[PDB]
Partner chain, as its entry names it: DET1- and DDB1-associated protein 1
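Listed next as structure tokens is one chain, alone, in the form solved without the partner chain.
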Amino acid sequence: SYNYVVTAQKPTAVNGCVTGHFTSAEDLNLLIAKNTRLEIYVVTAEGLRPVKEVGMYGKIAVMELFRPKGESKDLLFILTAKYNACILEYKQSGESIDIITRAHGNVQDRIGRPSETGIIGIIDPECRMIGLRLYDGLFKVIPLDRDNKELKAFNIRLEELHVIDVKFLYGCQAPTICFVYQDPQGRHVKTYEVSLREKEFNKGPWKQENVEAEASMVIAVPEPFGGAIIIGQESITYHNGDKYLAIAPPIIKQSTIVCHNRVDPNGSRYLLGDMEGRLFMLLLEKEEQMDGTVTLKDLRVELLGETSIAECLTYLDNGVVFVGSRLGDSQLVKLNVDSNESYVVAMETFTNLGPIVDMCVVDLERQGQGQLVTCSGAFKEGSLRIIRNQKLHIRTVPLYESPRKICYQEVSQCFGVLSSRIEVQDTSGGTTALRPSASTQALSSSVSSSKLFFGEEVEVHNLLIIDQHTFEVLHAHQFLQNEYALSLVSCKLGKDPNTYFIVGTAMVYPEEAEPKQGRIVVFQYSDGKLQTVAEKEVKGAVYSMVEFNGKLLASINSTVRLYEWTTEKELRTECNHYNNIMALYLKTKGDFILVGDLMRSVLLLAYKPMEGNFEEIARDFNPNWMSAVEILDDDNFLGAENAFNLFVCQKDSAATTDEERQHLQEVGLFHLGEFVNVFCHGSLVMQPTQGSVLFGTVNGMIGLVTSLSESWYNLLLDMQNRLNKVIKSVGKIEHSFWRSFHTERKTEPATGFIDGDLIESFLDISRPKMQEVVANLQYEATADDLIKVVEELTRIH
């Protein structure tokens, strides 16, 4: 069909942060990369002052500020995931604020294997070139000798193929890169002198070797010291010619360091953070000589405290540090000199909906509006977010453990949430907890006793009963050892009137790759106590469960089973359907069943009640990673696939021969730019366009998909083409290229979709421009016609 996608909530996860002088030479700015959004702040003695927030037609993969020789203020370089590079500049002409594009280009090469270590963008400290590591064995060099508006570049052959991290070195005669590469002999450190005239690499200043087997970070030490700091798994080494220092503090071996940032401009203090959310201070002791040569004396590491698991880290000024996080809330932390007992004291926290791994729409106030409850965060950042509309109101319920799945039960006036807590194998013999989480502070705990069947961390799965008003952990039922709860549904089955909490689990042992045994446990929670009302043991993993017309439709590995609810309150195997694919995604509408595995194998089944079994209708098998699926109507199916794409396939209309009706022809292709995890039929308003489907992403972005008539689609499509002419692209990136279906092998234009974000931006353009996009546009038409239809398109979120 024809669909319309609009961003209801901007991506909230921070993936990049830099400090510089972007707005003016006298301002200390803090730039934040939020996937497609770029936020500009100015650091004040009080905190952060918002300046400008722009939206790019790309996924910001690189973001670095730099000051070329002869520039009044800093310049910004951004490289998108689609290899759109651009150089930007802040312009404030009176009261108008505009981000202009100085240079722009697509630094993509048709040949080349994208390195497993991702895109790396480094700039020479003396601002001579922009080094890019996009593909293995190739080092793109964009010279910055001014007037390079098209961003012309040239590649240099890299003898080393597996490059972990690369940065430019300070205080050198010629541009010098420092990188860590992996070979059969292990991980090493090497340096190359870049010569832009000969367009080749030259022998670097120092060539050491055998660094830590898990060395993963290179830090360029400023001019006073020079050289590079190589942060590994358990050792921090300093390399600068013949001056080799290596400290292995036991405080850091406990976790892996994942972010670093320079504090003072001379590189004396460093701020490193690990996966567990701890903040460190790398103090490199110095020693000056009689001729003034400052030589590094020692390397110190001091644990400052605990932040909200840092993705990026940046020091602002006067103790204040911005902690950008993808897993949890970003925050501002003050670094006090005295221990409070933790030198880290919070200042201001910013909500982060991402990652959203499951959600549900509930109209608690019975007003048809609807509150969105989402499983957000992970590990100690696990939380429950309630989003209700007009602005967005967000309730943050911290769980301190990973929430996985969620569903709602109205009769019990509470939510059921599948979650997981990480305990550590203590020496006595059990599993001690890491921190008190939701599964540990419940009002009443219980364990499973079905009995139907040394130091490493192990997952502990619990079913949570969370009140719909106070969000209190009323119950916390712990599942069996080595049992992984995968499915959770709440419904009434058969003729029974009671509403049950049904959980599908899998018995996963590290030695057995494919699970051959699982459980479908039926619970009842209402009477204030959680007791088990019979369970059905299956021979595989229960990936998905749904309520199928009074019965229970489950997915056991490669089998879609239909269970009945007998008078004795037990599940009875009615009929089965065995597939060649693993039944991961299970969605139903009426008597139709939508099946899907992780590889975009779209299967369609229908329950034939006259016989009692299902029959396959159509299928569409195209190898590609698939993250979510949803039924639009009886002959249209939505899905999210690699890379950051949305797609719609339909049941063929010209069904004359049995070979055409057995195929789901793909009709919709769209590059969303986000990774959808959950699809939810619902709405956040209290209601033209048919259908309303919400989805949650890894970056926290929540969007909406709605269907359109062919007449309405062609109308908005022509308007979408004309809005592109009048709306400025931040990096001069073409919208159709940004929304073009992007995969590693194929690249196709966007079809069957309309970008609601672009359509809604029509109301923000000047009146003359409105009369320009309506020139020769008819369902002629006036500007006042479109202003009344786009305003209605805003009345859906």
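Positions refer to the first chain, counted from 1. Superpose the two forms; the largest set of C-alphas matching within 1.5 Å is the rigid core.
This protein has a second form, the form solved in complex with the partner chain, left out of what is shown; the following refers to that one.
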With the partner left out here, if you bring back the partner chain in the bound PDB entry, are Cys178, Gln208 and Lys243 all within 4.5 Å of it by some heavy atom? no
Name the residue from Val489, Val397, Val693, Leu151 that puts a heavy atom within 4.5 Å of the partner chain in the bound PDB entry. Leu151
Quick check on this chain: which one of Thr44, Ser736, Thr751, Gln771 has a heavy atom within 4.5 Å of the partner chain in the bound PDB entry? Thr44
Quick check for you: of 343 to 351, 703 to 711, 467 to 475, 235 to 243, which stretch puts a non-hydrogen atom within 4.5 Å of the partner chain in the bound PDB entry? 343 to 351
Give a yes/no on whether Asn318 approaches the partner chain to within 4.5 Å in the bound PDB entry, heavy atoms considered. yes
So in the bound PDB entry, is the partner chain close enough to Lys203 to count as touching (4.5 Å, heavy atoms)? no
Please determine whether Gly267 contacts the partner chain in the bound PDB entry, using a 4.5 Å cut-off between heavy atoms. no
Taking 4.5 angstroms as the cut-off for heavy atoms, does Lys297 touch the partner chain in the bound PDB entry? no
Sequence-ordered residues of 101 to 118 touching the partner chain in the bound PDB entry, heavy atom within 4.5 Å: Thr101, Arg102, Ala103, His104, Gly105, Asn106, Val107, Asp109
A Cα shift of 2 Å or more between this form and the one not shown, after fitting the rigid core, is seen among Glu512, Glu710, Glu285, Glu288 only at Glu512
Rigid core superposition, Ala534 Cα moves 2 angstroms or more between this form and the one not shown: yes
Rigid core superposed: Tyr607 CA moves 2 Å or more between this form and the one not shown: yes
So with the core overlaid, does the Cα of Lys334 end up 2 Å or more away between this form and the one not shown? no
